[PDB]
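Below: one protein chain in two forms, given as structure tokens, structure 1 then structure 2.
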Structure 1
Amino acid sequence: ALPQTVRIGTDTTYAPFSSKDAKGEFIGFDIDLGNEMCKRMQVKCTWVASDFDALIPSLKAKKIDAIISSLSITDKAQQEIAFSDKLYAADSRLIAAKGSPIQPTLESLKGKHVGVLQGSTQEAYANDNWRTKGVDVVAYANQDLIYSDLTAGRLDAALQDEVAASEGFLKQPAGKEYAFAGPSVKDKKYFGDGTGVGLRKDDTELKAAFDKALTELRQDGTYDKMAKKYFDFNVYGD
């Protein structure tokens, strides 16, 4: 009943969770989690690269069978799809040039150019709260474009998952002159409760299989071993 091949869509521009190494192989914590779960589910899995905003449509169209792409578990998303249990926690946070006075507030951001990933919870938040009120919110096909436009000085700030910005950019050579601008942006309704495997609502069996795999690799400590490759903190949360 489970497919012998589970097709998993991911947006490979979100290090350290999902990206590509120099020879084009998919790498990162999402990939590690996905591969470990598939192993324990005893299914073959095929990774499929996609822009983030195409993931849920591809899933609904059955071009893929699952999404592992730091996809936040939100009220809004669950109207369209189902989710596995939580894979890890994910807060949102602004980044900007080091020394910048920028804060995640309308007062600070009005007339500023702020980059967000198209289709993301950050785009939802920024469009509702900031774009309406005169912040130049700029939506991008992928997160790599955002970092590029930031370093080029075309953007004043960018909003994205906190850990991705930190491990994927700030702690990298390209992000040396950048820092977080203000604390995490906390908003329960927009940003959801951690990330999970996104699935078609009727695929209850595939969800059960992922959930079971996830519980097992967390219990035996495999989760923590894989996570320590990327993180010196508790990425899972509570």
Structure 2
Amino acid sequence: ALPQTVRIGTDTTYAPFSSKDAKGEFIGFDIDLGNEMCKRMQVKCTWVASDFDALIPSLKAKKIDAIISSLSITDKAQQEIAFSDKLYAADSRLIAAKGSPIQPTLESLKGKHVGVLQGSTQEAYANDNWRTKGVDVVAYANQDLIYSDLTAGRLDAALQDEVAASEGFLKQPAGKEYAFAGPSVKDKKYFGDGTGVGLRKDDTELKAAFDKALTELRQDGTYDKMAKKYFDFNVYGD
């Protein structure tokens, strides 16, 4: 059976997907999608704030029933839990100076200095696929020094999460003269084939209901109107 109330864990530190406004209400595209889906499933849903590292543990322990927290559908993720159909893409993308010919390819990146934040999935991606093929991958302890170095010319480009750099630098005045160089980088093992509602593998009726609500609010234009409230591009992706 479907739960009486679906408890949804989210990490409220990740606008524009999941954050808390100044009055403390949950806000973002993850919330709107969750709320819309739950409305279509006709079930009560309750948002449970949780540190991101504790989301999958809370789910396996049944302290929560779903995860909606830009949780990438990576290969390792799927060994432990199940996912709904994709909610939106969370790929990475290179940033360089406006007019840069740089592409996210080996023949383009050979011998170039690409910055990445240490500990990120972008650093893992760039170290396992780019550093070992003659790309100079530079790890940074501090995200704002990446941007500063890039503006200074000590990097040819930076590998960032696409939405985060969209919101955090490119829309800011400091990034006016910078832009994405080439298309978003896709890698199922590092970035998932999107994000999805994270669910326990036993919870097939819950998965079915989220997927049906998801296809439906897409097919009738609700997804696009809702995304337009936050995004200028195709957040859903491929």
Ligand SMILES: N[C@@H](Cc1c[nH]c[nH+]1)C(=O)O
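Throughout, residue numbering runs from 1 along the sequence of structure 1. What we label the rigid core is the largest C-alpha set whose atoms superpose within 1.5 Å from one form to the other.
S.K.: Which number, 1 or 2, marks the form solved in complex with the named molecule?
M.R.: Here the form solved in complex with the named molecule corresponds to structure 1.
S.K.: Treating the chain as two rigid parts, how far in degrees does the smaller one rotate relative to the larger between structure 1 and structure 2?
M.R.: The rotation of the smaller rigid part against the larger one between structure 1 and structure 2 is 47 degrees.
S.K.: Fit the two forms on their core, then tell me the C-alpha shift of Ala96 between structure 1 and structure 2 in angstrom.
M.R.: Looking at the C-alpha of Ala96 between structure 1 and structure 2, the offset is 11.6 Å.
S.K.: Rigid core superposed, I'd like the Cα shift of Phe191 between structure 1 and structure 2 in Å.
M.R.: Displacement of the alpha carbon, after core fit: 1.9 Å.
S.K.: Aligning on the rigid core, what is the distance the CA of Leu170 moves between structure 1 and structure 2, in angstrom?
M.R.: Taking the core as reference, the C-alpha of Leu170 is shifted 5.6 Å.
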